[PDB]
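Structure file target.txt with compact mmCIF, C-alpha atoms:
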```
# COMPACT_ATOMS: atom_id res chain seq x y z
CA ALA A 1452 -1.85 10.45 -19.84
CA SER A 1453 -2.81 14.13 -19.74
CA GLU A 1454 -2.71 14.25 -23.57
CA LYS A 1455 -4.99 11.55 -25.02
CA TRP A 1456 -8.58 12.59 -25.67
CA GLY A 1457 -8.59 14.09 -29.19
CA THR A 1458 -8.04 10.95 -31.26
CA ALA A 1459 -9.10 8.70 -28.35
CA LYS A 1460 -11.98 6.80 -29.92
CA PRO A 1461 -14.25 5.04 -27.38
CA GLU A 1462 -12.74 1.54 -27.54
CA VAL A 1463 -9.22 2.92 -27.03
CA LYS A 1464 -10.71 5.08 -24.25
CA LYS A 1465 -12.03 1.96 -22.53
CA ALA A 1466 -8.65 0.30 -23.10
CA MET A 1467 -6.72 3.15 -21.46
CA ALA A 1468 -9.21 3.81 -18.64
CA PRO A 1469 -8.01 1.31 -15.95
CA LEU A 1470 -4.32 2.18 -16.27
CA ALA A 1471 -5.13 5.88 -16.01
CA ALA A 1472 -7.36 5.22 -12.99
CA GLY A 1473 -4.55 3.33 -11.27
CA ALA A 1474 -2.16 6.15 -12.12
CA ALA A 1475 -4.57 8.68 -10.62
CA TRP A 1476 -4.86 6.65 -7.43
CA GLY A 1477 -1.07 6.39 -7.27
CA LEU A 1478 -0.67 10.16 -7.59
CA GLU A 1479 -3.38 10.47 -4.89
CA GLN A 1480 -6.03 12.78 -6.31
CA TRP A 1481 -9.50 11.31 -6.55
CA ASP A 1482 -11.70 13.75 -8.48
CA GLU A 1483 -10.46 12.58 -11.89
CA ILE A 1484 -10.94 8.95 -10.80
CA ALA A 1485 -14.68 9.62 -11.05
CA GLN A 1486 -14.27 10.59 -14.72
CA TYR A 1487 -12.04 7.61 -15.54
CA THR A 1488 -14.46 5.22 -13.82
CA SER A 1489 -17.29 6.89 -15.73
CA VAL A 1490 -15.49 6.14 -19.00
CA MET A 1491 -14.55 2.70 -17.64
CA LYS A 1492 -16.29 -0.36 -19.10
CA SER A 1493 -19.52 -1.86 -17.75
CA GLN A 1494 -18.18 -5.04 -16.12
CA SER A 1495 -14.58 -5.46 -15.00
CA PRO A 1496 -13.11 -6.61 -11.65
CA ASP A 1497 -10.59 -3.79 -11.88
CA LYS A 1498 -13.55 -1.42 -12.03
CA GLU A 1499 -15.18 -2.99 -8.97
CA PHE A 1500 -11.83 -2.77 -7.14
CA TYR A 1501 -11.35 0.90 -8.04
CA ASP A 1502 -15.02 1.67 -7.33
CA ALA A 1503 -14.65 0.11 -3.88
CA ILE A 1504 -11.52 2.25 -3.47
CA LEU A 1505 -13.35 5.48 -4.33
CA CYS A 1506 -16.34 4.46 -2.21
CA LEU A 1507 -13.95 3.92 0.71
CA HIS A 1508 -12.38 7.33 0.05
CA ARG A 1509 -15.79 9.04 0.05
CA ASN A 1510 -16.60 6.76 3.07
CA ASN A 1511 -20.10 5.66 2.20
CA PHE A 1512 -21.39 2.73 4.24
CA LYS A 1513 -24.58 1.92 2.29
CA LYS A 1514 -23.97 0.99 -1.37
CA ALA A 1515 -20.25 0.20 -1.18
CA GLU A 1516 -21.47 -3.06 0.36
CA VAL A 1517 -23.81 -3.58 -2.61
CA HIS A 1518 -21.00 -3.02 -5.13
CA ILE A 1519 -18.58 -5.22 -3.21
CA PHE A 1520 -21.29 -7.93 -3.08
CA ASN A 1521 -21.65 -7.63 -6.86
CA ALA A 1522 -17.91 -8.30 -7.05
CA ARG A 1523 -18.52 -11.33 -4.80
CA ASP A 1524 -21.12 -12.46 -7.33
CA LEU A 1525 -18.73 -12.08 -10.26
CA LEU A 1526 -15.70 -13.81 -8.72
CA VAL A 1527 -17.30 -17.20 -8.04
CA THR A 1528 -17.38 -18.48 -11.63
CA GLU A 1529 -13.65 -17.99 -12.16
CA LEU A 1530 -12.95 -19.36 -8.69
CA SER A 1531 -14.77 -22.53 -9.73
CA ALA A 1532 -12.96 -22.58 -13.08
CA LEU A 1533 -9.49 -22.03 -11.59
CA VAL A 1534 -9.54 -24.51 -8.70
CA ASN A 1535 -8.65 -27.84 -10.38
CA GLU A 1536 -5.13 -26.82 -11.46
CA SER A 1537 -2.00 -26.33 -9.35
CA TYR A 1538 -1.70 -23.97 -6.39
CA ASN A 1539 1.18 -22.15 -8.10
CA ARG A 1540 -1.24 -21.35 -10.92
CA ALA A 1541 -4.03 -20.46 -8.47
CA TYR A 1542 -1.86 -18.17 -6.30
CA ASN A 1543 -3.04 -15.09 -8.19
CA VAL A 1544 -6.65 -16.03 -7.41
CA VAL A 1545 -5.62 -16.59 -3.79
CA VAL A 1546 -4.02 -13.17 -3.40
CA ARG A 1547 -6.83 -11.26 -5.10
CA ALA A 1548 -9.35 -13.06 -2.88
CA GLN A 1549 -7.15 -12.16 0.11
CA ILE A 1550 -7.04 -8.46 -0.73
CA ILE A 1551 -10.73 -8.25 -1.60
CA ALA A 1552 -11.71 -9.90 1.70
CA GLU A 1553 -9.17 -7.64 3.39
CA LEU A 1554 -10.88 -4.47 2.24
CA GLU A 1555 -14.28 -5.51 3.63
CA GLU A 1556 -12.82 -5.60 7.13
CA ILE A 1557 -11.08 -2.35 6.19
CA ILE A 1558 -14.63 -1.04 5.75
CA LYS A 1559 -15.51 -2.64 9.10
CA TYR A 1560 -12.62 -0.69 10.68
CA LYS A 1561 -14.57 2.55 10.01
CA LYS A 1562 -16.94 1.97 12.94
CA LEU A 1563 -18.18 5.11 14.71
CA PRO A 1564 -18.40 4.99 18.56
CA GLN A 1565 -14.90 5.19 20.06
CA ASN A 1566 -12.24 3.76 17.67
CA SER A 1567 -9.85 3.47 20.62
CA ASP A 1568 -10.12 -0.05 22.09
CA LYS A 1569 -9.54 -2.70 19.41
CA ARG A 1570 -5.95 -1.62 18.69
CA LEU A 1571 -4.50 -4.34 20.93
CA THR A 1572 -5.76 -7.32 18.91
CA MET A 1573 -6.57 -6.18 15.42
CA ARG A 1574 -3.82 -3.94 14.01
CA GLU A 1575 -1.37 -6.85 14.05
CA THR A 1576 -3.58 -9.08 11.88
CA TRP A 1577 -2.40 -7.36 8.70
CA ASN A 1578 1.17 -7.58 9.98
CA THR A 1579 0.91 -11.33 10.53
CA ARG A 1580 -0.79 -11.82 7.15
CA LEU A 1581 1.88 -9.74 5.40
CA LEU A 1582 4.73 -11.65 7.03
CA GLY A 1583 3.02 -14.95 6.22
CA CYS A 1584 2.74 -13.96 2.57
CA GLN A 1585 6.08 -14.51 0.86
CA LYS A 1586 8.30 -11.62 -0.20
CA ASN A 1587 7.11 -10.24 -3.52
CA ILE A 1588 7.80 -6.55 -4.10
CA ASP A 1589 4.77 -6.01 -6.33
CA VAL A 1590 2.08 -7.54 -4.12
CA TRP A 1591 3.79 -6.15 -1.02
CA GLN A 1592 3.64 -2.57 -2.31
CA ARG A 1593 0.11 -3.06 -3.66
CA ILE A 1594 -1.37 -4.19 -0.37
CA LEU A 1595 0.83 -1.66 1.44
CA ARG A 1596 -0.81 1.12 -0.58
CA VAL A 1597 -4.21 -0.44 0.14
CA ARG A 1598 -3.45 -0.40 3.88
CA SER A 1599 -2.06 3.16 3.75
CA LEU A 1600 -5.31 4.25 2.08
CA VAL A 1601 -6.99 3.90 5.49
CA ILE A 1602 -4.10 4.06 7.99
CA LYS A 1603 -1.60 6.88 8.52
CA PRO A 1604 1.90 5.84 7.32
CA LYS A 1605 3.60 7.99 9.98
CA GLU A 1606 1.89 6.04 12.76
CA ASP A 1607 2.23 2.87 10.66
CA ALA A 1608 6.00 3.35 10.23
CA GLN A 1609 6.68 0.15 12.20
CA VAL A 1610 6.61 -1.88 8.94
CA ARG A 1611 7.41 0.71 6.28
CA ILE A 1612 11.12 0.31 6.99
CA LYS A 1613 10.67 -3.46 6.77
CA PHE A 1614 9.29 -2.81 3.30
CA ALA A 1615 12.14 -0.48 2.35
CA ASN A 1616 15.01 -2.71 3.44
CA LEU A 1617 13.83 -5.76 1.50
CA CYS A 1618 13.06 -3.47 -1.43
CA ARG A 1619 16.75 -2.58 -1.38
CA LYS A 1620 17.75 -6.25 -1.11
CA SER A 1621 15.54 -6.90 -4.14
CA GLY A 1622 17.53 -4.16 -5.84
CA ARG A 1623 15.22 -1.56 -7.37
CA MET A 1624 15.59 2.21 -7.22
CA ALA A 1625 12.35 4.03 -8.08
CA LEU A 1626 10.27 2.29 -5.42
CA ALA A 1627 13.10 2.84 -2.93
CA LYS A 1628 12.95 6.60 -3.53
CA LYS A 1629 9.13 6.56 -3.49
CA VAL A 1630 9.20 4.86 -0.09
CA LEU A 1631 12.03 6.79 1.57
CA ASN A 1632 10.72 10.23 0.60
CA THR A 1633 7.34 9.49 2.20
CA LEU A 1634 9.12 7.93 5.19
CA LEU A 1635 11.12 11.12 5.71
CA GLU A 1636 8.06 13.30 5.09
CA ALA A 1647 12.85 16.72 11.59
CA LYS A 1648 15.33 15.42 14.19
CA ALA A 1649 13.49 12.30 15.34
CA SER A 1650 12.56 8.75 14.22
CA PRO A 1651 16.03 7.11 14.45
CA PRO A 1652 14.99 3.97 12.51
CA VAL A 1653 13.57 6.19 9.77
CA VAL A 1654 16.89 8.04 9.67
CA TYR A 1655 18.80 4.73 9.65
CA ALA A 1656 16.78 3.79 6.55
CA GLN A 1657 18.62 6.25 4.34
CA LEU A 1658 21.78 5.65 6.37
CA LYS A 1659 21.54 2.22 4.77
CA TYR A 1660 20.28 3.45 1.40
CA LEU A 1661 22.98 6.03 0.64
CA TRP A 1662 25.60 3.30 0.97
CA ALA A 1663 23.32 1.05 -1.08
CA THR A 1664 23.54 3.67 -3.83
CA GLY A 1665 27.30 3.96 -3.29
CA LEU A 1666 27.72 7.38 -1.65
CA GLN A 1667 30.31 6.21 0.86
CA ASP A 1668 32.78 9.11 1.07
CA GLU A 1669 29.97 11.45 2.12
CA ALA A 1670 28.69 8.73 4.47
CA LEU A 1671 32.08 8.58 6.26
CA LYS A 1672 31.71 11.62 8.52
CA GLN A 1673 27.90 11.48 8.48
CA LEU A 1674 27.56 8.12 10.22
CA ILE A 1675 30.22 9.08 12.77
CA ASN A 1676 28.30 12.27 13.62
CA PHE A 1677 25.03 10.31 13.80
CA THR A 1678 26.52 7.81 16.25
CA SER A 1679 27.96 10.76 18.18
CA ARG A 1680 24.64 12.42 18.83
CA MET A 1681 22.74 9.21 19.53
CA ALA A 1682 25.47 8.66 22.14
CA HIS A 1683 24.90 12.20 23.41
CA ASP A 1684 21.13 11.62 23.54
CA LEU A 1685 21.43 8.37 25.51
CA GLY A 1686 24.31 9.53 27.71
CA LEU A 1687 28.04 9.83 27.04
CA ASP A 1688 29.31 7.09 29.37
CA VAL A 1704 9.60 3.80 28.59
CA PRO A 1705 11.70 0.62 29.26
CA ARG A 1706 11.03 -0.89 25.83
CA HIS A 1707 10.93 2.68 24.43
```

Let's see the structure in the file written out as structure tokens.
Amino acid sequence: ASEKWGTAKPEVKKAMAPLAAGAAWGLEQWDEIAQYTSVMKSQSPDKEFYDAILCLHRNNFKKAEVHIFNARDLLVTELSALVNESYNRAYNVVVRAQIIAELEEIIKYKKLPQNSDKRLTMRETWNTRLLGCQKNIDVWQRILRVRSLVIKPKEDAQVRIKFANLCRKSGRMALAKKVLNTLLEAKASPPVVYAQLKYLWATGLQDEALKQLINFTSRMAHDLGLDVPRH
């Protein structure tokens, strides 16, 4: 996408804008997202979603609420239209409503005073909601990226491996690499190490895994003892 502006007439520009904005968010630089949202169309729920994303990144707490309320105003007509059919048809509406009401309490999480007391009863809400939602790779990675936009994956690594393992059971490669490289990025985090202990055999590199797993078991045994409580 770094090579379409010369013949990019304005309607094709507006066509390509949301995909390029999503690509820019995925590659995790935000300055160009301003330009792609500037060339983005006047009224589109993808634009309100991405605008809420950039507003969260630049952590305003004044007009992000106004924009997200405008999105609340736009959604209601299609909610009314898409309620009389089956729940299997309405599940897309359900999940987009879930994520868009998830990011408002994401915004609420940015409170000032101490940020060190509500961890006991509020971090696990997303975990329970995620486990309640059925296993789809696409929506799982989408809301995982949304969560990681505000929370540190290294300290959030208690569910990243639970993403990676079922990604492998689904049987896709690119997302598996894109998860395991970030999970790895020394000589710690034994579950994080065990992730690619599983994934190298999942690829089929077994002969090199032969001595590796034996050595790994050897120095876990040496760490624990040759022959805090929960930890």

- prompt: Any idea what's packed within 12 Å of residue 1456 (chain A), counting all atoms listed in the file, ignoring anything in its chain fewer than 5 positions away? Could you give it as a PyMOL selection string?
  reply: chain A and resi 1461-1465+1467-1468+1487+1490

task: Would you kindly return, as an MDAnalysis selection string, each protein, DNA or RNA residue with an atom no farther than 9 Å from any atom of residue 1600 (chain A), considering all atoms listed in the file and excluding same-chain residues fewer than 2 positions away?
output: chainID A and resid 1504 1507:1508 1595:1598 1602:1603

field: Residue with smallest distance to residue 1660 (chain A) - pool A:1545, A:1534, A:1615, A:1682, counting all atoms listed in the file
entry: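 For residue 1660 (chain A), the nearest of the given residues is A:1615.
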
Cut-off 7 Å around (-3.1, 2.2, 14.6) with all atoms listed in the file: residues as a PyMOL selection string: chain A and resi 1570+1574+1602+1606-1607

field: Residues near residue 1524 (chain A), cut-off 12 Å, all atoms listed in the file, skip fewer than 5 positions along chain, as an MDAnalysis selection string
entry: chainID A and resid 1494 1496 1499 1517:1519 1529:1530

For the residues in that selection, give me C-alpha atoms as a short mmCIF file (atom, residue, chain, number, x, y, z; two decimals), in the coordinates of the input.
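Final file, result-v5.cif:
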```cif
data_model
loop_
_atom_site.label_atom_id
_atom_site.label_comp_id
_atom_site.auth_asym_id
_atom_site.auth_seq_id
_atom_site.Cartn_x
_atom_site.Cartn_y
_atom_site.Cartn_z
CA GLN A 1494 -18.18 -5.04 -16.12
CA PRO A 1496 -13.11 -6.61 -11.65
CA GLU A 1499 -15.18 -2.99 -8.97
CA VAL A 1517 -23.81 -3.58 -2.61
CA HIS A 1518 -21.00 -3.02 -5.13
CA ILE A 1519 -18.58 -5.22 -3.21
CA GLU A 1529 -13.65 -17.99 -12.16
CA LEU A 1530 -12.95 -19.36 -8.69
#
```

- prompt: Looking at A:1485, A:1620, A:1457, A:1476, which one is nearest to residue 1664 (chain A), with distances taken over only C-alpha atoms?
  reply: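 Checking each of A:1485, A:1620, A:1457, A:1476 against residue 1664 (chain A), counting only C-alpha atoms, the winner is A:1620.
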
Given all atoms listed in the file as the counted atoms, nearest of A:1633, A:1480, A:1549, A:1621 to residue 1594 (chain A):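 Nearest candidate to residue 1594 (chain A) out of A:1633, A:1480, A:1549, A:1621: A:1549.
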
query: In terms of the shortest atom-to-atom distance over all atoms listed in the file, which of A:1576, A:1458, A:1667, A:1592 is closest to residue 1626 (chain A)?
result: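 Residue with the minimum atom-to-atom distance to residue 1626 (chain A): A:1592.
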
- prompt: What does the distance from CA of residue 1510 (chain A) to CA of residue 1601 (chain A) come to in Å, to one decimal?
  reply: 10.3 Å

message: Using only C-alpha atoms, can you tell me which of A:1472, A:1554, A:1546, A:1670 comes closest to residue 1515 (chain A)?
response: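 Checking each of A:1472, A:1554, A:1546, A:1670 against residue 1515 (chain A), counting only C-alpha atoms, the winner is A:1554.
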
Selected residue, from A:1564, A:1705, A:1622, A:1604, that lies nearest to residue 1653 (chain A) when counting all atoms listed in the file: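 Comparing A:1564, A:1705, A:1622, A:1604 against residue 1653 (chain A), the winner is A:1604.
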
query: What gap, in Å, lies between CA of residue 1533 (chain A) and CA of residue 1582 (chain A)?
result: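 Interatomic distance, CA of residue 1533 (chain A) to CA of residue 1582 (chain A): 25.6 Å.
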
- prompt: Quick one: residues within 12 Å of residue 1624 (chain A), only C-alpha atoms counted, chain neighbours fewer than 6 positions away excluded, as a ChimeraX atom specification?
  reply: /A:1615-1618,1630-1631,1660-1661,1663-1664
